[PDB]
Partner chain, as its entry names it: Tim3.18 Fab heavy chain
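Here's a solo chain for you in structure tokens, the form deposited without the partner chain.
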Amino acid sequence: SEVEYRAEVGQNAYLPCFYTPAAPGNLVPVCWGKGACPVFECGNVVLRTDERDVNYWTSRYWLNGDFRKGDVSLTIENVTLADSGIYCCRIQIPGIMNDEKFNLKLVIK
């Protein structure tokens, strides 16, 4: 057994990811992709934010939480078996190599 997130075909999938803004409104860029975080930046990119807003998304992928307070959890709508796999949520902390890397396993049946 290990940590995983689950959905049936047709449901939405919910993959958690959080950080804490250093001060209110001080956002840091976030990278969501399919594939483990050792791949490129955050895998095969599906969604990105910068210090101001979401700047990139792919159909069916959403940040529906309060991402301006650090809830950068992902929603995938209407999943198929092909959406199964590891996803990377990368918190791109400016000022060093110290990014926060989260790998989330999505199991679809």
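Just so we're on the same page, rigid core means the largest C-alpha set that superposes within 1.5 Å between forms. Only residues modelled in both forms are compared. Residue numbers count along the first chain shown, from 1.
The deposited model assigns a higher average Cα B-factor to 36-44 than to the other stretch when 36-44 and 78-86 are compared. In this entry, the higher average B-factor at the C-alpha atoms falls on 22-30, of the pair 49-57 and 22-30. Among 15, 91, 96, 9, the highest C-alpha B-factor in the deposited entry belongs to 96. Placement of the Cα temperature factor of residue 104 within the chain: lowest third of the modelled residues, per the deposited record.
Not pictured, yet referred to below: the form deposited with the partner chain bound.
Taking non-hydrogen atoms only, residue 30 approaches the partner chain to within 4.5 angstroms in the deposited bound form. A residue is said to contact a partner when one of its heavy atoms sits within 4.5 Å of a partner heavy atom; residue 79 fails this definition for the partner chain in the deposited bound form, lying far away.
Residue contact with the partner chain in the deposited bound form: residue 17 places no heavy atom within 4.5 Å of it. Among residues of the shown chain, residue 96 is one whose heavy atoms approach the partner chain to within 4.5 Å in the deposited bound form.
For the partner-free chain shown, 38, 39, 40, 41, 42, 43, 44, 45, 46, 47, 48, 50, 51, 53 of 38-58 come within 4.5 angstroms of the partner chain in the deposited bound form, judged by any non-hydrogen atom. With the core held fixed, the Cα of residue 39 is displaced between this form and the one not shown by 2 Å or more.
CA of residue 83 to CA of residue 39: farther apart by 3 Å or more in the deposited bound form than in the shown form. Here's the thing about residue 99 and residue 39: their CA atoms end up at least 3 Å closer in the deposited bound form than they are in this form. Relative to the superposed core, shifted segments between this form and the one not shown, defined as three or more consecutive residues with every Cα moved by 2 Å or more, span 38-41, 50-58, 93-97.
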